[PDB]
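Whatever order the structure lists them in is the order used to number ligands and atoms, beginning at 1. Letters A, B, ... are given to chains in the order of the sequence lines, protein chains preceding strands, and every chain is numbered from 1. Excluded from the calculations below are hydrogen atoms, water molecules and symmetry mates; all remaining heavy atoms, backbone and side chain alike, are included.
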There are 2 protein chains.
Amino acid sequence: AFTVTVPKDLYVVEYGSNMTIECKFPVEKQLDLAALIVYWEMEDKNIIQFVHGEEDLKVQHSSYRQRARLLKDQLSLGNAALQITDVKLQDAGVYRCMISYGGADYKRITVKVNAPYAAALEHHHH
Amino acid sequence: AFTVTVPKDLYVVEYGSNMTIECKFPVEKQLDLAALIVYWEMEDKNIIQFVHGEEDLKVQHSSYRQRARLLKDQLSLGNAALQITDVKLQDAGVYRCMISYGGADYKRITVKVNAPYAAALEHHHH
Ligand SMILES: COc1nc(-c2cccc(-c3cccc(-c4cnc(CNC[C@@H]5CCC(=O)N5)c(OC)n4)c3Cl)c2Cl)cnc1CNC[C@@H]1CCC(=O)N1
């Protein structure tokens, strides 16, 4: 039974920081890269599409462009780790990691973003 | 490139009717049932979990008990059709069909439920 797990289903991050959110999947000693698909989304927006051992950047949502990547050196450990740089208030929400590696499963992770007044005021208006 | 498609991304259904919502996936020549996974959810409620050519009812949300099924004769034609019997107002929302058949993809379907006053009043009080 193929199961994705999360060490944390909640992250609380500061505006302007970097965050790495993690999804674990079973890898028995050697990764079959050809079989692996890793997909991350939030609110139906494509963040990562990792297929055939490479990230496909073409259909990544504009909000994550040049700010989101998969840490590929974690995949051999069975860790799908999404790193987002320079966190914004619009990054708060529910993320899903969808993994195919023989079997298929997904998990949800909630991200909360703390921000000072000036950042919040910009978000509130625009 | 493995792609799931939907003939309709919107269904408008009457309270008390039956609905069948459809996701299509490519099947060339013959279906390899052992490789197929079909999952249906709405709002994080597990509806259908079809793996190893059988439904796993243990993880199904209680509100879909004896009221939701996957039309298995459709699968060899590349149609994942979810039938829900006796539609309620709680069935309105966004559904996802997630399919693994070599590759993996999903699609969203929106369902709107029309209901008369009496049914709406019960739902409103709940
Ligand atoms: C039967 O059992 C279960 N099956 C699944 C499941 C089943 C099949 C496949 C997948 C799956 C896997 C990997 C990737 C993708 C995928 C998705 N989207 C794209 C979209 N890209 C752009 C394109 C264009 C826009 C768009 O709309 N599409 C993509 O890139 C093409 N790849 C997917 Cl769908 C999953 Cl996750 C999950 N959960 C349960 C099991 N119940 C769930 C519960 C919850 C906790 C648990 O423990 N269990």
Side-chain angles (χ1 to χ4, degrees), chain A residues 1-9 23-26 32-64 68 70 75 78 80 82 94-110, chain B residues 1-9 23-27 32-62 64 68-70 72 75 78 80 82 94-110:
Chain A
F2 178 82
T3 301
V4 172
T5 63
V6 294
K8 285 167 46 81
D9 67 0
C23 183
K24 306 308 178 73
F25 63 97
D32 178 355
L33 190 62
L36 179 64
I37 302 167
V38 177
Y39 176 80
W40 283 98
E41 56 137 57
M42 187 242 19
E43 300 173 355
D44 328 306
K45 302 176 180 65
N46 179 308
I47 308 168
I48 300 302
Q49 178 176 315
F50 183 88
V51 189
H52 305 133
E54 295 195 23
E55 285 170 312
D56 187 347
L57 38 56
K58 219 81 181 69
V59 75
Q60 175 180 59
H61 190 269
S62 62
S63 303
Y64 288 104
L70 190 67
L75 291 174
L82 170 59
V94 181
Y95 290 70
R96 288 183 185 182
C97 67
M98 305 180 89
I99 303 180
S100 176
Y101 190 61
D105 193 20
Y106 81 89
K107 286 289 196 285
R108 294 172 225 84
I109 299 170
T110 298
Chain B
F2 179 79
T3 306
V4 172
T5 62
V6 293
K8 286 170 45 79
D9 61 15
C23 289
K24 308 304 178 68
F25 64 99
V27 179
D32 179 353
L33 184 60
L36 176 67
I37 302 168
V38 177
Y39 173 76
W40 285 97
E41 58 145 54
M42 72 91 84
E43 299 178 356
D44 324 320
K45 303 184 189 66
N46 303 150
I47 308 170
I48 301 300
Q49 170 77 34
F50 188 86
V51 188
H52 309 130
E54 205 172 30
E55 282 261 274
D56 189 359
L57 298 180
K58 295 183 245 66
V59 298
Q60 184 180 64
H61 191 279
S62 62
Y64 293 112
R69 68 189 295 276
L70 186 67
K72 286 116 199 141
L75 292 172
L82 168 64
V94 179
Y95 289 69
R96 292 176 190 67
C97 68
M98 302 186 188
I99 303 181
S100 173
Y101 190 62
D105 192 19
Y106 80 91
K107 286 285 132 65
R108 291 176 289 168
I109 299 171
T110 296

Before signing off on this row, confirm whether A/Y39 and ligand 1 have an N or O atom pair separated by under 3.5 Å. no
So is there a nitrogen or oxygen of B/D105 less than 3.5 Å from a nitrogen or oxygen in ligand 1? yes
Check: [Y] main-chain N/O paired with [X] side-chain donor or acceptor under 3.5 Å:
| X | Y | answer |
| --- | --- | --- |
| A/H52 | A/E54 | no |
| A/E41 | A/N46 | no |
| B/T3 | B/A1 | yes |

Might you point out which heavy atoms bring [X] and [Y] nearest each other, and give the distance in Å?
| X | Y | answer |
| --- | --- | --- |
| B/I109 | B/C23 | CD1-SG, 4.0 Å |
| A/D32 | A/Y101 | N-OH, 2.8 Å |
| B/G78 | B/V27 | CA-CG2, 3.5 Å |

Below 4.0 Å, non-hydrogen atoms only: which portion of A/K107 touches ligand 1? Side chain, backbone, both or neither. side chain
By number and element, which atoms of ligand 1 are closer than 4.0 Å to a non-hydrogen atom of [X]?
| X | result |
| --- | --- |
| B/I37 | 1 (C), 7 (C) |
| B/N46 | 41 (N), 42 (C), 43 (C) |
| B/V51 | 1 (C) |

For [atom], what is the closest protein heavy atom, and at what distance to 0.1 Å?
| atom | value |
| --- | --- |
| atom 3 (C) of ligand 1 | B/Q49 OE1, 3.2 Å |
| atom 11 (C) of ligand 1 | B/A104 CB, 3.9 Å |
| atom 44 (C) of ligand 1 | A/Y106 O, 3.8 Å |

Is it the case that more than 12 heavy atoms not belonging to B/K58 sit under 6.0 Å from its NZ atom? no
Other residues, nucleotides and ligands only: do more than 12 of their heavy atoms fall within 6.0 Å of CG on A/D9? no
Can you find a protein heavy atom under 4.0 Å from atom 33 (C) of ligand 1? yes
My understanding is that we take every heavy atom of each candidate and find the minimum distance to atom 12 (C) of ligand 1. Doing that for B/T5, A/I99, B/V6, B/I99, which one comes out nearest? A/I99
